[PDB]
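Asker: Would you mind keeping the following structure in view while I ask a few things?
All Cβ positions, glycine included, derive from the backbone under ideal geometry; neighbour counts span all protein chains shown. Derivation of every value follows stated rules applied to the coordinates shown; laboratory data play no part.
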Amino acid sequence: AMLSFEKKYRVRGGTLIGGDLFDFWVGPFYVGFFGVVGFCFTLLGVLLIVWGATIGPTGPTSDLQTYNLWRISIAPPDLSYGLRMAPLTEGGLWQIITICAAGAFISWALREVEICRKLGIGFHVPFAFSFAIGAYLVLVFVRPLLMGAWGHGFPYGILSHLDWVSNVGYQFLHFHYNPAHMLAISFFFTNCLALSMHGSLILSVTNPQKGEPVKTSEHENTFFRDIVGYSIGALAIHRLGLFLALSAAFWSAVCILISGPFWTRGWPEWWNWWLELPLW
Amino acid sequence: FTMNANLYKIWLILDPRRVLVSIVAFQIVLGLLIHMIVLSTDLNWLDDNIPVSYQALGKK
Amino acid sequence: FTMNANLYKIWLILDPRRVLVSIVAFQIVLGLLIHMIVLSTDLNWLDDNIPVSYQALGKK
Amino acid sequence: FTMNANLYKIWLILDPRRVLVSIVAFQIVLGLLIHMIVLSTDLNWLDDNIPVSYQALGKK
Amino acid sequence: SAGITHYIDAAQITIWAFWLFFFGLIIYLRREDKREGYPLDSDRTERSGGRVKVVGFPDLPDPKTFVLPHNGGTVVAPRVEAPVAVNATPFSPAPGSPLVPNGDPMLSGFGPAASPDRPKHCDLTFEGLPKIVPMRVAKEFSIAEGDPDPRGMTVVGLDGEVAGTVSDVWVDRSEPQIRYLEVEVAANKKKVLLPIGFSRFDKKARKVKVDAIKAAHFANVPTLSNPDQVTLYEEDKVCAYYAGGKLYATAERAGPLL
Amino acid sequence: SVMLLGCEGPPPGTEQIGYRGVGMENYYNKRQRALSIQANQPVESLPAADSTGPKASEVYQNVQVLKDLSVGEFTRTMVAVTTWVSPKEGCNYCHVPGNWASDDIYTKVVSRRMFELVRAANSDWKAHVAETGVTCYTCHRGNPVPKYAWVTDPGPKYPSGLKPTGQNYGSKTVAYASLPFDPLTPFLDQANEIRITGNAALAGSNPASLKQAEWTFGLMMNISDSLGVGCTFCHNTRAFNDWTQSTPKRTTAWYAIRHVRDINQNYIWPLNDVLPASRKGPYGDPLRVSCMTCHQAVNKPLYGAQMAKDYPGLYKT
Amino acid sequence: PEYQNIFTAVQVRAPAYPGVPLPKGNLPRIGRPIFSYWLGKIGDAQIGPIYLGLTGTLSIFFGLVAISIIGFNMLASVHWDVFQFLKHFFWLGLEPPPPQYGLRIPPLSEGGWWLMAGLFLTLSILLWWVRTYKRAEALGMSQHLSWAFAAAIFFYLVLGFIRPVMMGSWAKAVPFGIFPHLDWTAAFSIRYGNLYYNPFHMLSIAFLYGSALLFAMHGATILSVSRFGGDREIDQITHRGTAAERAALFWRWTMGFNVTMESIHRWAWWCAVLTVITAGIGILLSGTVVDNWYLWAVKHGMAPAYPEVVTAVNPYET
Amino acid sequence: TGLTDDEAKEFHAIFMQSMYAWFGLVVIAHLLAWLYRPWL
Ligand code: BCL
Ligand code: BCL
Ligand code: BCL
Ligand code: BCL
Ligand SMILES: CC[C@H]1c2cc3[nH]c4c(c3C)C(=O)[C@H](C(=O)OC)c4c3nc(cc4[nH]c(cc(n2)[C@@H]1C)c(C(C)=O)c4C)[C@@H](C)[C@@H]3CCC(=O)OC/C=C(\C)CCC[C@H](C)CCC[C@H](C)CCCC(C)C
Ligand SMILES: CC[C@H]1c2cc3[nH]c4c(c3C)C(=O)[C@H](C(=O)OC)c4c3nc(cc4[nH]c(cc(n2)[C@@H]1C)c(C(C)=O)c4C)[C@@H](C)[C@@H]3CCC(=O)OC/C=C(\C)CCC[C@H](C)CCC[C@H](C)CCCC(C)C
Ligand SMILES: CC(C)=CCC/C(C)=C/CC/C(C)=C\CC/C(C)=C\CC/C(C)=C/CC/C(C)=C/CC/C(C)=C/CC/C(C)=C/CC1=C(C)C(=O)c2ccccc2C1=O
Ligand SMILES: COC1=C(OC)C(=O)C(C/C=C(\C)CC/C=C(\C)CC/C=C(\C)CC/C=C(\C)CC/C=C(\C)CC/C=C(\C)CC/C=C(\C)CCC=C(C)C)=C(C)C1=O
Ligand SMILES: COC(C)(C)C/C=C/C(C)=C/C=C/C(C)=C/C=C/C(C)=C/C=C\C=C(C)\C=C\C=C(C)\C=C\C=C(C)\C=C\CC(C)(C)OC
Ligand code: HEM
Ligand code: HEM
Ligand SMILES: [Fe+3]
Ligand SMILES: [Sr+2]
Ligand SMILES: [Sr+2]
Ligand SMILES: [Sr+2]
Ligand SMILES: [Sr+2]
Ligand SMILES: [Sr+2]
Ligand SMILES: [Sr+2]
């Protein structure tokens, strides 16, 4: 099924790969060659997370085995295995599910790409998506590699991965002092601010007080100029928000990339370079 | 004087208003900068109790 | 006076208003700065309780 | 030296409203700051325990 | 007995309240989501002659009216929109198959070249003067000190060939900026709009590249019913044409790569 | 710049601490690990002494601690205490020349007390000191004054009008963090409460303040830094208070904390009247002990070198 | 190749805009505009004018007072050494009244500046609130911002005033300092048994992540349909264009459903307000209702169990 | 600076007098400070 204005755009071609082979739609989703690779990667990934849930860390009958959603968890192999493939039931499974996750996100990104080629729009979205794909890769590929073992990756479990974050965070004592962490956190917070401001605006002008007509560009600029003496303007606000969120993802990726591989000490200690300048 | 030759032509290349404003800024910064450096090392001239102690001139 | 004659010409190169307001800015800043500096040192005139111990004429 | 035979001309160069508001702000600020500084040193005039005890006895 | 630990704490029930408010929120947002494009297009609808208008869950929200300022109109959502034929034919008769554009792809007005029928009126300033107008109509505007003046650059298409030259610059009277480049076309000296989004500058050369279409295609740029202003209808019409070239302007953008 | 800044290269040395996926792991600089090892080299022992002879308390005049030693063994014990505590100065550091039995010089009233300090340590604190035990070098390192001794410090200046933040400053003593900069006096001298975690999910029976939590956090930063490790060395940060999820090092550290309370309270504060101003902080409190004092940034002083077992004169009875 | 609409490559100027006109009662506007070729490189180059009423003046006033107490206090903690102030600034801070005082108004030297700075800050934030509602009325617009600011104000109030009053202790509000307030955050999680297991803090985290997800997606979209003037979202909302069409379709073909130029702004709006609102609820139950979230998670069976491969004997139990 | 050749001599002269006067008050203040409490 299609939107009431969709058929007129549902053109043939634009692929990267597959050509007419998989050049079709299913419901509202576009398939494409990468939808197929993606679905395959995805399906095997999920079906394996289901098998991991099925078997548990000590076998299907042990008490640690579980199907409870908060607690099902698939973890990496020990560090003793380094960059080698580890036995299936010892984190191998986790490795394969990871390969599937990376492949699925990359297929998804490439399929959004074929969709830009079809619709004839800019490719800003899948490029932006690729930042999340990047962050995910540092958290499973880059860091654990630079760290000589795949086990440095986070486990795939709703709260257990939260625990990973917690103890990794705490090896540096007071993570808040990670300066890249400070950045990324600043962007994540500001991004959340501009978004609330844009959101609020569009909705405040296209739906004004009863007795008033859809508002104008002139209003838009005049309100935020009224409040804070400046208005970045309509186009650009869409530009900024994209900057903030992509950067927030960036600095998360770098703040974790340096926590290990390039810094081992507590993070507050990093700030020493500042108390020791020859100014004080 | 000069550097030699024709160091006037330099102002056909570099904005005189900007070189002036920039230098004024820089000299002001370097000044506070160094003052702050020397006071921060052994060469301090304020916290010495020289030539007469001041906080235990308000003690006895 | 040890200066130029063509020294007024500087006001054909640099906007006078800015320089005037600026001097005040910089001087006020320096003034506050140095004041706080002295106050942080041996030359302090406030933290000692003299000539009538206002913090221990009816306290302590 | 006191005053120029032409230091009125400063208001041909500087806006009376901005200079006025500026002065007001700076002085009000300075009043506050200095008050805070005095309030943070010996010369405190509030917690002296003089001229008559207001916390009768002890606790408070 | 002073220890009967209750299994229910405020934290459970606050998580309960939250999820309930959540579900209602999600549902609601999906309703504002069907103020356009709905009901959907299936052959479920056509087979049944229409007795299956496709709307899904949740359903469609009662229309809302937008009261345009300036004797402009009134818009409603969701609305009933007149169907419009597709200027293309099914690549396969099976459903979900894409369609091939009819005729010359850039002309088709199908695919990356498709576009809707927006009003044949102009967007307006607050005052009510044509928001987008040329610098020739908007006297005040001026290049920003230190920016090559586009006026007089050479517009050049995707293959290299000169396309035309910048005859003017259209600007937003509401949010001051370059929206459209005007192009005196070489092959016929007719004046066409070129969206800024399709234009790249080469300031050191004073060229204005355009990957969209070929120099030649500039001949078919959709036209304006008045050279001193433009309507909403005409903007979509202008841009979609260039956009078509992204998939059409060459016998290779069609993809594959392998 | 806005320089950039503070940085090590990859790959770091790593050790897995907890279960795979739990994140309880450790990272470290290999280079600096090697430098710490060369700086944490132990002094080899002096040949055992045969002896075979009378007890020290029978041939000497003022032997109140190293009594039960044979003469030979006593002499050996004297040579180890000499190189270990004050080798640039030799024998004369703690003795009045020509008179080995005299206590007419303070460094001896102290040395004596420290003979009871090491002994109590090696014989009573094994749940802490295990079979590595301690010796003079542990704190002294060829120095008369442990380099890494501490003092209750007053922090930076405050005018008279306001009282100190108690926390909020740049201090290497709380790992550079801003927590409170003297988490030692209330925990490694006195015995204030460290526990703040509740043992019940719901509230109404845990009075721990947030402030107390910060003090515990500061102290912990201290500890971490002194032994040169992170919390996953002793904890499972999902539960700092959970003993079953902790590492056997938390147990060890627990007994160590009590131990430093005993060194500081019954061996060091008492020596304050016979010690010179040169050995005292701004409150008149004397230089005392912390974990750093001994560990000097390593999980086991001198990488767990076994020095004491070679000097029997260092054990009680 | 194709312009990305990241950097305005060629700008244009026009006489500045004093703005749509306000009704009687809404005071004059002040300041007269300027342009920054560089803001201009990326956005509206116009800088100001600004509006300042009774509200705006009372808010700037309170706010700057509050900024002074915090600052002056920080200079005092380093002995008026502006150098040292500069050196440790990040670590400087103004701590809260001690518990010994409870909710009593404390002496200057023991926390009273914090209560005054907290007081004045709050009054100034809430005055800025009123400001945005006035500035939003003068334009006939709606209070969507004010409903969000009111939400963020909600979190603020929960953090430094509401939870403290409920807990009967000013020492529980957050201290003013960069590193000090970071430490307050960590200690907060620690004191209540790891905040990761607090459901509300998990939701607030899903919503913060979501503000980044939605704004990145939408923002990337609007740029990708910038070519069709999709940035001109108002008219794409009244009079749907091929920008809003290609936009809704990119996502439709990608994730199976989609929204509209008007509705995405609601998903985004609602997602941001939600962050702060789960967030505040999250701090509200800590100490008031739950004292140890990890335990709470165990009581509701949500905390995972791992084989106990490392363990330590409890001295308190010997 | 859109100034004429004469309105920078006038300006410059007045600037010079006001500024040296400033330095004068400055030396006054500095000698009073030196008398009440020598610092060098
Ligand atoms: C534990 C205590 C330490 C700490 C330890 C850490 C550690 C350790 C880390 C962070 C990380 C981050 N922390 Mg932290 N952090 C601390 C406290 C905080 C605080 C706060 C108020 O106190 C905040 C705001 C943050 C916030 C942040 C961000 C700066 C960052 C996470 C964003 C990210 O990863 O993007 C990345 C986004 C992604 C990777 C998602 C990618 C999406 C992929 C491609 C697709 C997913 C598809 C999937 C299938 C979707 C499901 C859909 C189904 C199909 C339906 N932390 C505490 C003090 N923090 C993490 C980080 O840096 O990021 C790398 C990190 O490693
Ligand atoms: C640390 C050891 C000594 C010390 C050794 C030195 C040394 C050595 C030097 C100083 C210098 C100076 N010291 Mg010292 N100084 C000491 C203690 C102090 C104390 C104090 C509280 O005790 C103070 C307040 C000062 C302060 C001063 C300043 C008066 C002066 C720096 C001027 C500058 O930076 O360049 C500002 C730049 C200019 C004025 C350039 C003039 C610009 C021209 C006119 C540009 C033309 C354009 C237009 C006409 C005007 C430009 C715009 C201007 C903004 C007006 N010193 C300590 C005790 N000090 C410097 C000096 O020279 O002093 C004579 C210097 O070299
Ligand atoms: C330290 C380790 C703890 C931690 C402890 C906390 C605590 C404690 C809190 C958070 C809070 C939150 N945490 Mg956390 N957090 C952890 C790790 C993380 C991680 C991660 C990847 O690990 C993430 C993503 C997060 C994410 C977040 C955000 C989702 C959330 C707050 C949103 C926000 O900005 O509110 C901030 C926005 C505001 C406060 C409103 C701002 C508006 C005000 C009024 C602005 C006024 C401006 C002012 C007047 C301007 C003048 C300046 C003056 C000088 C002051 N945390 C770990 C588990 N986290 C909140 C929470 O969850 O509580 C349940 C919170 O308070
Ligand atoms: C450190 C130990 C001594 C000390 C020793 C000194 C010494 C030594 C000096 C001062 C000086 C200053 N001291 Mg003191 N001072 C002490 C204690 C104090 C205390 C106090 C609460 O106890 C106070 C309030 C002051 C206050 C002052 C300032 C009034 C003055 C510097 C003026 C300035 O910065 O302007 C900066 C200047 C300007 C901004 C421009 C000057 C005005 C121009 C010429 C006007 C032109 C018109 C203009 C265009 C428009 C004007 C409007 C502007 C908005 C202003 N001192 C302690 C006790 N003090 C200085 C002084 O006396 O004057 C030289 C000085 O040299
Ligand atoms: C980079 C800046 C921000 C961003 C941007 C971003 N994300 C994006 C996009 C963009 C622009 C898309 O266009 C794309 C999308 O489709 O939009 C929703 C996407 C996306 N954002 C999503 C996730 C996501 N993005 C996140 C964050 C971010 N993305 C940043 C905030 C986050 C977090 C952690 O906050 C998440 C969870 C997806 C819904 C979607 C991409 C969906 C997709 O790629 O699907 C294909 C894959 C599957 C359907 C699953 C594969 C099967 C696997 C083998 C099993 C899962 C393995 C997994 C590793 C286990 C982890 C378990 C966890 C419980 C720990
Ligand atoms: C969805 C929740 C998000 C959110 C929303 C949000 N924030 C908001 C709003 C909203 C809806 C507003 O309406 C309001 C705003 O104005 O938006 C731009 C605001 C706000 N967001 C801001 C901060 C903020 N919000 C944050 C977080 C968040 N807010 C969440 C991400 C954060 C964080 C945690 O990172 C911060 C730091 C502020 C800019 C603003 C509230 C401003 C305010 O309350 O002002 C109080 C007082 C002052 C600023 C004092 C004035 C000081 C002047 C700046 C100096 C000017 C002096 C001048 C020279 C005059 C002369 C002086 C004389 C006295 C001498
Ligand atoms: C055996 C075998 C064959 C298996 C059977 C297969 C099975 C199981 C069949 C089931 C099929 C069904 C039920 C579903 C398929 C599941 C698929 C493949 C997975 C879904 C993956 C997917 C990405 C889901 C994510 C869901 C969420 C919430 C994503 C977050 C994004 C977000 C918050 C969503 C809502 C907001 C959206 C969509 C905004 C997009 C959007 C934006 C951003 C604009 O800016 C814009 C501007 C102008 C007009 C329109 C838009 C617009 O639509
Ligand atoms: C109708 O639309 C609307 C408007 O138009 C009328 C408005 O005007 C408005 C009003 C909006 C405003 C007035 C906007 C105000 C902006 C705010 C509050 C955001 C605050 C941001 C800052 C203060 C800037 C912080 C950042 C910096 C100072 C620069 C930092 C530089 C750094 C970190 C180094 C650069 C390098 C990196 C970051 C690494 C690499 C970067 C990436 C990978 C990111 C990629 C980005 C892109 C864009 C492709 C609204 C709400 C609106 O909706
Ligand atoms: C030298 O410097 C000069 C310019 C003088 C000034 C410089 C000033 C500077 C640089 C100041 C810097 C300040 C900084 C960096 C501050 C940082 C603050 C941060 C990061 C704070 C973070 C969190 C703080 C919070 C959440 C505080 C919350 C406090 C609240 C909500 C207090 C509420 C109190 C109220 C409402 C009081 C009520 C009083 C009543 C009426 C109840 O009394 C009876
Ligand atoms: C090689 C150098 C040294 C020699 C030859 C030496 C020799 C002796 C002798 C012979 C005695 C017994 C004296 C008596 O009580 O009659 C003695 C006692 C003692 N010496 Fe040493 N000594 C040396 C170095 C040191 C050093 C360096 C210290 C302290 C760091 C020290 C601390 C003591 C103490 C405290 C006593 C009293 C012992 C007790 O009560 O058990 N000696 N020394
Ligand atoms: C920097 C991160 C660290 C944090 C946040 C931290 C936090 C804590 C907290 C909160 C407690 C109290 C739990 C309760 O309230 O019942 C605690 C207790 C304890 N921690 Fe730490 N810790 C850290 C590092 C360390 C390290 C490295 C060690 C050992 C070398 C250690 C050893 C201990 C011991 C033995 C206890 C129990 C002490 C007692 O109960 O008297 N901690 N820690
Ligand atoms: Fe938008
Ligand atoms: Sr089972
Ligand atoms: Sr130094
Ligand atoms: Sr004095
Ligand atoms: Sr007094
Ligand atoms: Sr009273
Ligand atoms: Sr480490």
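Asker: With each run of n ≥ 4 DSSP H residues scored as -39500 (n - 2.57), what mean residue ellipticity at 222 nm is computed for chain G after dividing by its residue count and rounding to the nearest 500 deg cm²/dmol?
Answerer: Values: 12 runs with 169 residues, N = 318.
Taking each H run of at least 4 residues, the total per residue is -17000 deg cm²/dmol.
Asker: I would also like to ask the following. Taking every DSSP beta bridge with both residues inside the stretch E:118-257, roughly what % is antiparallel (nearest 5)? Each step should come with its number before you reach the end.
Answerer: Numbers: 22 of 25 bridges.
Roughly 90 percent of the beta bridges in the stretch E:118-257 run antiparallel, per DSSP.
Asker: Shifting gears a bit: Kindly write out, for the stretch A:266-280 in residue order, the coupling ³J(HN,Hα) from the Karplus curve 6.51 cos²θ - 1.76 cosθ + 1.60 (θ = phi - 60°), rounded to whole Hz, with x marking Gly and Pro.
Answerer: x, 7, x, 4, 3, 4, 4, 3, 8, 8, 10, 4, x, 10, 9
Asker: Based on other C-beta atoms within 10 Å, arrange E:173, F:31, F:112 from fewest to most. Numbers along the way, then the final one.
Answerer: Numbers: E:173 22, F:31 11, F:112 17.
Going from least to most buried by this count: F:31, F:112, E:173.
Asker: Right, here's the next one. So for chain G, averaging the separation of alpha carbon pairs under 8 Å that are six or more residues apart and normalising by length, what relative contact order in percent results?
Answerer: Relative CO of chain G lands at 17 percent.
Asker: Now a separate question. Averaged across the residues of D:27-39, what count of C-beta atoms belonging to other chains lies within 10 Å of each residue's C-beta? All intermediate terms of the calculation are to be shown ahead of the outcome.
Answerer: On the way: counts 0, 0, 2, 2, 0, 3, 3, 1, 0, 9, 10, 2, 4.
For peptide D:27-39, the averaged partner shielding equals 3.
Asker: Which residues among the stretch F:283-317 fall inside the zone where the amide N is under 20 Å from a point 7 Å beyond the Cα of residue F:123, along Cα→Cβ?
Answerer: Residues F:307-317 qualify, since their backbone N sits under 20 Å from the label point.
Asker: While we're looking at this one, here's another question. For the charge dipole of chain G, defined by +1 on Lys and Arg C-beta atoms and -1 on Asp and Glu C-beta atoms about the Cα centroid, which residue among G:293, G:128, G:257 has the Cα displaced farthest towards the positive pole?
Answerer: G:128
Asker: Same structure, new question: Which FRET efficiency, nearest 0.05, do residue E:250 and residue E:100 yield, Cβ-Cβ r, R0 25 Å?
Answerer: Working: r = 16 Å, r/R0 = 0.66.
So the FRET efficiency works out to roughly 0.95.
Asker: In units of 2.2 N^0.38 Å, what is the alpha-carbon radius of gyration of the protein assembly as shown? Could the numbers behind the result be given before it?
Answerer: Details: Rg = 37.9 Å, N = 1393, 2.2 N^0.38 = 34.4 Å.
Dividing the Cα Rg of the protein assembly as shown by 2.2 N^0.38 Å gives 1.10.
Asker: Find out how many positive minus negative residues lie around residue G:2, taking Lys and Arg as positive, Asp and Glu as negative, among other residues whose Cβ is under 12 Å from that of residue G:2. All intermediate terms of the calculation are to be shown ahead of the outcome.
Answerer: On the way: positive: E:200, E:209, E:246, G:227; negative: E:211.
Every neighbour counted, the sum reads +3.
Asker: With just the Cα atoms defining each centre, how far is the stretch A:156-204 from the stretch G:8-77? Give it in Å.
Answerer: Each part reduced to its Cα centre gives a spacing of 29 Å.
Asker: Related question: Fewest Cβ neighbours within 10 Å first, please rank E:153, F:78 accordingly.
Answerer: On the way: E:153 21, F:78 17.
Fewest-to-most Cβ neighbours within 10 Å comes out as F:78, E:153.
Asker: Still on this model: Got the residue B:23 label distances to the other copies yet, label 7 Å along Cα→Cβ, in nm, shortest first?
Answerer: Distances between equivalent label points, in nm: 1.9, 3.6.
Asker: Also, I was wondering about something else. Report the relative contact order of the stretch E:1-117, percent, no decimals, based on alpha-carbon pairs under 8 angstrom and at least 6 residues apart. Walk me through the intermediate numbers first.
Answerer: Numbers: 97 pairs, mean separation 16.4, N = 117.
The normalised contact order for the stretch E:1-117 reaches 14 percent.
Asker: Describe numerically, in nm with one decimal, the distance between label points set 7 Å from Cα along Cα→Cβ at residue F:152 and at residue F:52.
Answerer: The two pseudo-label positions are separated by 5.4 nm.
Asker: Restricting to DSSP H runs of at least four residues, report the calculated mean residue ellipticity at 222 nm for chain F, -39500 (n - 2.57) per run over all residues, nearest 500 deg cm²/dmol.
Answerer: Values: 9 runs with 96 residues, N = 317.
Here the helix-only value at 222 nm equals -9000 deg cm²/dmol.
Asker: Also, I was wondering about something else. Of the listed peptides F:148-155, B:14-21, what is their order by residue-averaged count of other C-beta atoms within 10 Å, with the highest listed first? Write down the numbers at each step before the final one.
Answerer: Details: F:148-155: 17.1, B:14-21: 11.5.
Ranking the peptides F:148-155, B:14-21 by packing returns F:148-155, B:14-21.
Asker: Same structure, new question: From other protein chains only, count the Cβ atoms within 10 Å of every residue's Cβ in G:43-53, then give the mean. Could the numbers behind the result be given before it?
Answerer: Numbers: counts 12, 14, 5, 9, 4, 6, 4, 6, 7, 2, 0.
Mean partner shielding for this stretch: 6.
Asker: Mind pulling the angle between the C-alpha long axis of helix B:16-39 and the longest principal axis of chain B? Nearest 10 degrees, somewhere in 0 to 90.
Answerer: Approximately 20 degrees, to the nearest ten.
Asker: Ordered by packing density, taken as the mean number of other Cβ atoms within 10 Å over each peptide's residues, highest first, how do B:39-50, G:286-297 rank?
Answerer: Values: B:39-50: 11.9, G:286-297: 23.2.
Taking the mean over residues of other Cβ atoms within 10 Å, the ranking is G:286-297, B:39-50.
Asker: Moving on to the next point. Dipole size in debye (nearest 20) for the stretch A:129-238 around its Cα centre, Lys and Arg Cβ +1, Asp and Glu Cβ -1? If you can, show how the numbers build up before the last one.
Answerer: Working: 4 positive and 5 negative charges, 28 e Å.
Its charge dipole is roughly 140 debye.
Asker: For residue A:212 and residue E:20, what is the calculated FRET efficiency with R₀ set at 45 Å and r taken between the beta-carbons, to the nearest 0.05?
Answerer: Working: r = 34 Å, r/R0 = 0.76.
The calculated FRET efficiency here is 0.85.
Asker: Hey, can you grab everything whose amide H is under 5 Å from the amide H of residue E:38? Only 5+ residues off in sequence or another chain; H modelled, so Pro and N-termini drop out.
Answerer: Answer set, sorted by chain and number: A:4.
Asker: Also: If I take every Cα pair under 8 Å that is 6 or more residues apart in chain E, average their sequence separation and divide by the length, what percent do I get for the relative contact order? Could you put the intermediate results ahead of the total?
Answerer: Working: 405 pairs, mean separation 39.6, N = 258.
Result for chain E is 15 percent.
Asker: For label points placed 7 Å from Cα toward Cβ, what is the shortest-first list of nm distances from residue B:4 to its copies?
Answerer: Ordered by distance, the counterparts are at 2.6, 4.5 nm.
Asker: Can you compute 3J(HN,Hα) from phi for each residue in the stretch F:74-89, using the Karplus curve 6.51 cos²θ - 1.76 cosθ + 1.60 with θ = phi - 60°, rounded to whole Hz and x for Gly and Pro?
Answerer: Along the stretch F:74-89, the couplings run 5, 4, 3, 4, 6, 5, 6, 5, 6, 5, 6, 10, 8, x, 6, 9 Hz.
Asker: Per residue of chain C, what 222 nm ellipticity follows from adding -39500 (n - 2.57) for every DSSP H run with n ≥ 4, rounded to the nearest 500? Could the numbers behind the result be given before it?
Answerer: Working: 1 runs with 24 residues, N = 60.
-14000 deg cm²/dmol, from helical runs alone.
Asker: Quick one: label points 7 angstrom along Cα→Cβ at residue C:35, distances to the other copies in nm, smallest first?
Answerer: Taking the point 7 Å beyond Cα along Cα→Cβ, the inter-copy spacings are 1.5, 1.5 nm.
Asker: What FRET efficiency do you get for residue A:44 and residue F:244 if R0 is 51 Å and r is their Cβ-Cβ distance, rounded to the nearest 0.05? Don't skip to the answer; put the middle values down first.
Answerer: On the way: r = 37 Å, r/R0 = 0.73.
About 0.85, to the nearest 0.05.
Asker: For the protein assembly as shown, with the dipole built from +1 on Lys and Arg beta-carbon atoms and -1 on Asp and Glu ones, taken about the Cα centre, which of F:117, G:35, A:80 lies farthest toward the positive end?
Answerer: The residue sitting most towards the positive pole is G:35.
Asker: Once you charge only the Cβ atoms, +1 for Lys and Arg and -1 for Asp and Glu, what is the size of the charge dipole of the stretch E:1-117 about its Cα centre, to the nearest 20 debye? Mind dumping the intermediate values first?
Answerer: On the way: 10 positive and 12 negative charges, 54 e Å.
The calculated dipole for the stretch E:1-117 is roughly 260 debye.
Asker: Which residue, E:212, E:251, E:238, has the largest displacement toward the positive end of the dipole of the stretch E:118-257 when charges sit on each Cβ (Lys, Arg +1; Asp, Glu -1)?
Answerer: With unit charges placed on the Cβ atoms, the residue in question is E:251.
Asker: Sort out for me the Cα centre separation of chain C from the stretch B:1-23, rounded to whole Å.
Answerer: If we compute the Cα centre of each part, the gap is 33 Å.
Asker: Once you average over the residues of E:133-146, how many Cβ atoms of partner chains fall within 10 Å of each Cβ? Before the final figure, lay out each step's value.
Answerer: Numbers: counts 0, 0, 2, 0, 0, 2, 1, 4, 4, 5, 4, 10, 4, 2.
For peptide E:133-146, the averaged partner shielding equals 3.
Asker: Okay, next question. HN-Hα J couplings of the stretch G:304-318 from phi, Karplus 6.51/-1.76/1.60, θ = phi - 60°, integer Hz, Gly and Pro as x?
Answerer: Computed from phi, the couplings for the stretch G:304-318 are x, 10, 10, x, 6, 8, 9, 7, 9, 5, 7, x, 4, 9, 6 Hz.
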